[PDB]
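Reckoned from all heavy atoms, side chains included, excluding hydrogens, waters and symmetry mates. Residue numbers start from 1 in every chain, and the chains themselves are labelled A, B, ... in the order their sequence lines are given, proteins ahead of strands.
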Number of protein chains: 2
Amino acid sequence: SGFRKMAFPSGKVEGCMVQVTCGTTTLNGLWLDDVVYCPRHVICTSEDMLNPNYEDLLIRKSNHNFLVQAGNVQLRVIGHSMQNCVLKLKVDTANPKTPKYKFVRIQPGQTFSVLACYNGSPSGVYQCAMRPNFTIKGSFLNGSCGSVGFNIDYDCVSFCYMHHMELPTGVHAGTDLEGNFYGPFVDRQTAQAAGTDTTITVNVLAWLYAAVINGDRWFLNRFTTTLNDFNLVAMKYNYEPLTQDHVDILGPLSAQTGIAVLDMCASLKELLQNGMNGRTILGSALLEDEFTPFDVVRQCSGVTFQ
Amino acid sequence: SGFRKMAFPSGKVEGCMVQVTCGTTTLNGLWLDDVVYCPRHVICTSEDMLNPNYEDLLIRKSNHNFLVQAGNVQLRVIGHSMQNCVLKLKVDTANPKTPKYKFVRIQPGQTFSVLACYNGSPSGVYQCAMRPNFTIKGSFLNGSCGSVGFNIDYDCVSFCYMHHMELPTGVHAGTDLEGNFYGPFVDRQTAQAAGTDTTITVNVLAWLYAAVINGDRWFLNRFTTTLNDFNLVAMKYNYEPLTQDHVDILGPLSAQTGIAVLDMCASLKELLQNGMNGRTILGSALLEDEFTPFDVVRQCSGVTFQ
Ligand code: NA
């Protein structure tokens, strides 16, 4: 037993990380088959970043202006193209370590692992959630751009995130692997409003199920509620509305614990209205929302990869 | 910017994980060169765990009683030997993915990453601390036994932990890679008391420095303390005594932030006495003690591995 924030094993992603240099800018690229994927702002200086015309900046670059290094192997660039906010650098060599993969665009509230990288080399792996406002609360320094987020299902790597920027607020924004930003963000060093963020209600509930399974039960109460009643409370506390689809997703955890979702909603409601009275749940003095129902089932059943 | 509980990239360790089955018992092993290392209780049934004579039990076992799977391939056991609480299974094939490695015995309060595994298959990676009482608060399901803990220094994997036991109280006990238990624990399914745990003071200070570097400064004050007077208060809240060795270890973080160690101790003193009063530090409602000073420096300056 025990319950931890767990990242996917990073080995299949480590084998794909490369360094991309264009003029004086170096960041990270992802090498799958004979294509290297990286943030288009590799072609920008910090001056260009205030108001970049990517089309005109890219027209100045040839294949040989892109230095791509995989460990010590120099790759040769034989094509370049811009797709939305990503550059695709065609190289003359297939990555022999290419895992089975998919490109996926994740929904807000979904979790993924980030392999944080500098100069094409891995520094660390951590789990996070795509906030309802399509930001992530990461650990990204100067040079981390091109670091990717992913899920692993047995042998298949689903790439869902590439890192592009830090907002002035110190939260993180980036794209899917087709180069489309999550949220309204743009690859320009400018003031950018993220949404009002909200708590991922179905994730908090999943983690209350996790707590019961590990023997934390103090917050279980003799109340029930309705969806519409619970949702009036969720709106007051800036929690995402709960839908029947969310109830259906929680059903296996309901079945295990013998606690009907609406009874667990009545418990969450009392926690929102009364606070936690300085008590903890799974070693947290806050309600955690960065575990999906699928993450709680995975960690509580013992699913594996390779 | 941003600060996350970051694990080491796990690729080097993934290539070393195998499955070891002896009769009804399956757990994880570590394949380095032509040796597979695993918990010696792989030779025990649940029935045997009550009072095993390992010497006698190991005598009844033949090489071919040890089923070793490295993915789709079965390794041939040609040797079995006991070192303290680890079995070394000699195999006919050296691991071609053997990284540069050391075995190291770590100190209470030091941190490491765990590659959690089931039936030889890596399932996830997390960073934890060796508690002052030599337990780890992990996430370990039936058969996660044999999962290892490690650090990386440049190119060399330093293995420091193998998981052996889930204590009845729900924390975890295990050995160095020479099979010596951390703390007073034994590989017997028995009631075992863990010592009184304490909070890792030098780690909480390191994490307060990480907070300031990331723009969380509300807990700073213009109060002073001697090491001796801080320790009188730490003693009251079950915090480890802070030594000069500890103050010296925090010096680089003092130097970067311009906040004297004893000034940060004056801050922590205030935090223990008045609590956090509804406020958070780096997103946490509690004081975090699973970051070392070294962990904060390498996260905050973007150290990488190859
Ligand atoms: Na721990």
S.K.: From B:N203 CG over to B:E290 CD, what is the distance, rounded to the nearest 0.5 angstrom?
M.R.: 8.0 Å
S.K.: On a heavy-atom basis, which atom in B:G2 and which in B:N214 lie closest, and how many Å separate them?
M.R.: N-OD1, 2.9 Å
S.K.: Please indicate whether B:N274 has more than 12 foreign heavy atoms, meaning atoms of other residues, nucleotides or ligands, lying under 6.0 Å from its CG.
M.R.: yes
S.K.: Which side-chain N or O atoms in residues 153-161 of chain A pair as donor and acceptor under 3.5 Å with protein atoms at least two apart or in another chain?
M.R.:
unit_1: A:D155; atom_1: OD2; unit_2: A:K100; atom_2: NZ; d: 2.7
unit_1: A:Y161; atom_1: OH; unit_2: A:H163; atom_2: ND1; d: 2.9
unit_1: A:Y161; atom_1: OH; unit_2: A:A173; atom_2: O; d: 3.1

S.K.: Any chance the side chains of B:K5 and B:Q127 put a donor and an acceptor closer than 3.5 Å?
M.R.: no
S.K.: Is it the case that more than 12 heavy atoms not belonging to A:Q107 sit under 6.0 Å from its CD atom?
M.R.: no
S.K.: Quick one: do the A:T224 and A:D263 side chains pair a donor with an acceptor below 3.5 Å?
M.R.: yes
S.K.: Between B:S46 and B:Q189, do the side chains contain a donor N or O and an acceptor N or O under 3.5 Å apart?
M.R.: no
S.K.: Quick check against the 3.5 Å criterion: does A:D176 have a side-chain atom that pairs as donor or acceptor with the backbone of A:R105?
M.R.: no
S.K.: Tell me if the CG atom of A:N142 is crowded by more than 12 foreign heavy atoms within 6.0 Å.
M.R.: no
S.K.: Would you say B:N133 and B:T135 are linked by a side-chain donor-acceptor pair, where the criterion is simply a distance under 3.5 Å?
M.R.: yes
S.K.: Are more than 12 heavy atoms from other residues, nucleotides or ligands located less than 6.0 Å from atom CD of A:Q192?
M.R.: yes
S.K.: Is B:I281 close to B:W218 at the side-chain level, that is, under 4.5 Å between some pair of heavy atoms?
M.R.: yes
S.K.: Should B:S121 and B:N119 be marked as a side-chain hydrogen bond (donor to acceptor under 3.5 Å, both in side chains) after you check the CA-CA gap, both sets of side-chain angles, and the distance that decides it?
M.R.: CA-CA 6 Å; B:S121 275; B:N119 310 144; over 6 Å; no
S.K.: Between A:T257 and A:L253 (side chain of the first, backbone of the second, donor and acceptor by atom type, cut-off under 3.5 Å), is there such a pair?
M.R.: yes
S.K.: Examine distances only and state if a side-chain atom of B:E288 and a backbone atom of B:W207 form a donor-acceptor pair shorter than 3.5 Å.
M.R.: no
S.K.: Quick check: do B:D289 and B:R131 have side-chain heavy atoms less than 4.5 Å from each other?
M.R.: yes
S.K.: Is it the case that the side chains of B:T21 and B:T26 hold a donor-acceptor pair, with the cut-off being a distance below 3.5 Å and no angle test?
M.R.: yes
S.K.: Taking side chain to side chain contact (heavy atoms under 4.5 Å, CB included) as the definition, give me every residue that meets it alongside A:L286, ordered by chain and number, with sequence neighbours left out.
M.R.: A:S284, B:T280, B:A285
S.K.: Do other residues, nucleotides or ligands put more than 12 heavy atoms under 6.0 Å from A:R279 CZ?
M.R.: yes
S.K.: Quick one: CG on A:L262 to OG on A:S267, what's the gap to the nearest 0.5 Å?
M.R.: 11.5 Å
S.K.: So, taking the atom named NE2 in A:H164 and the one named OG in A:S147, what distance separates them when rounded to the nearest 0.5 Å?
M.R.: 10.5 Å
S.K.: Can you check whether B:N28 reaches B:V148 side chain to side chain, under 4.5 Å on heavy atoms?
M.R.: no
S.K.: Output the distance between atom OG (B:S123) and atom CE (A:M6), rounded to the nearest 0.5 Å.
M.R.: 7.0 Å
S.K.: Is there a side-chain hydrogen bond (donor to acceptor under 3.5 Å, both in side chains) between A:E240 and A:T198 once you walk through the steps?
M.R.: CA-CA 6 Å; A:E240 287 296 299; A:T198 44; 2.4 Å; yes
S.K.: Below 4.0 angstrom, N of the basic side chain to O of the carboxylate: do A:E178 and A:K88 qualify?
M.R.: no
S.K.: Should we say atom CZ of B:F219 is surrounded by more than 12 heavy atoms from elsewhere, each under 6.0 Å from it?
M.R.: yes
S.K.: For A:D33, does its backbone N or O pair with a side-chain atom of A:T98 as donor and acceptor, under 3.5 Å?
M.R.: yes
S.K.: Taking atom CD as the centre, does A:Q244 end up with more than 12 heavy-atom neighbours from other residues, nucleotides or ligands that are less than 6.0 angstrom away?
M.R.: yes
S.K.: Give, for atom CZ of B:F3 and atom OG of A:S139, the distance between the pair rounded to the nearest 0.5 Å.
M.R.: 7.0 Å
S.K.: To the nearest 0.5 Å, how far apart are CZ in A:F305 and OH in B:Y118?
M.R.: 11.5 Å
S.K.: Under the criterion side chain to side chain contact (heavy atoms under 4.5 Å, CB included), which of A:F150, A:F103, A:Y101 is the partner of A:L177?
M.R.: A:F103
S.K.: Are there more than 12 heavy atoms of other residues, nucleotides or ligands under 6.0 Å from atom CG of A:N180?
M.R.: yes
S.K.: Can you give me the closest heavy-atom contact between B:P122 and B:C117, atom names plus distance?
M.R.: CA-SG, 3.5 Å
S.K.: Are A:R4 and B:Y126 in a cation-pi contact, defined as NZ or CZ under 6.0 Å from the six-membered ring centre and within 45° of the axis?
M.R.: no
